[PDB]
């Protein structure tokens, strides 16, 4: 089979899809499959992709219901041991795929790296229960997940048009999926009210006893956006509900007990 499958959802990505594909095809030391899931682009996207005429490239081009619908189609079609998702405006750095393969050959089901955004490292968090009161702990495009991880966790939830990837990683955490974080840049490259609303909803899916405002308080508090003096009240209010919730808060807020 293939060591790696890269799923690349595209729509009107003619400006950058070529650089994206070049960053994948240059990866040495792995057998790689590429699945481009195009949403019906009217521009030169499909032409550019097909200029990469190869058998390890599959092109799907049909209307879909958004980015995560396309991602789900690509993940379902992947035949690589480890599956990555790369956007058409993103690029993998040199040697990332061999690093992924190296770390996966030891049994780990998820390998994630760092993300460079506008010349800055994404402010990642640990893959652990504390992530469940926050967003996605690493950049989604820096994440590689095995076939077994996807089989166990499932596909992305189309109800979350923005933060389905966070919701997926939280399900991974709750399913005890093993993760290895690599301290190397793997990848370089919407209303804010909407992003926050989805992020709070995802957290409520972990802890459904939470009111929306309590999920927002925890998210802002872990992210360093808001105060944390109420954390002990939330813990006393809900600590009886779930040890996983207690673990998340005491990992995220070590000063509290």
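Numbering follows the first chain given and starts at 1.
For residue 27, the fraction of other compared entries lacking coordinates, among those that model flanking residues, is zero, nowhere near a third.
Among the other PDB entries of this protein that were compared and that flank it with modelled residues, residue 47 is modelled in all, so it is never left out in a third of them. In the deposited sequence, the stretch from residue 189 to residue 190 hides 4 to 9 residues that have no coordinates. For the pair 246-254 and 3-11, the mean Cα B-factor is higher in 246-254. Of the two stretches examined, 68-76 and 173-181, the record assigns the greater average C-alpha temperature factor to 173-181.
Taking the deposited Cα B-factors for 203, 57, 218, 60, the highest one is held by 57. In the PDB entry, a CA B factor belonging to the highest third of its chain's modelled residues is recorded for residue 105.
Residue 227: CA B factor in the highest third of modelled residues in this chain (values from the PDB entry). Per the PDB record, residue ranking by Cα B-factor puts residue 43 in the highest third of the chain.
When all modelled residues of the chain are sorted by CA temperature factor, residue 140 is found within the lowest third. Among all modelled residues in this chain, the alpha-carbon of residue 128 has a temperature factor (C-alpha) in the lowest third.
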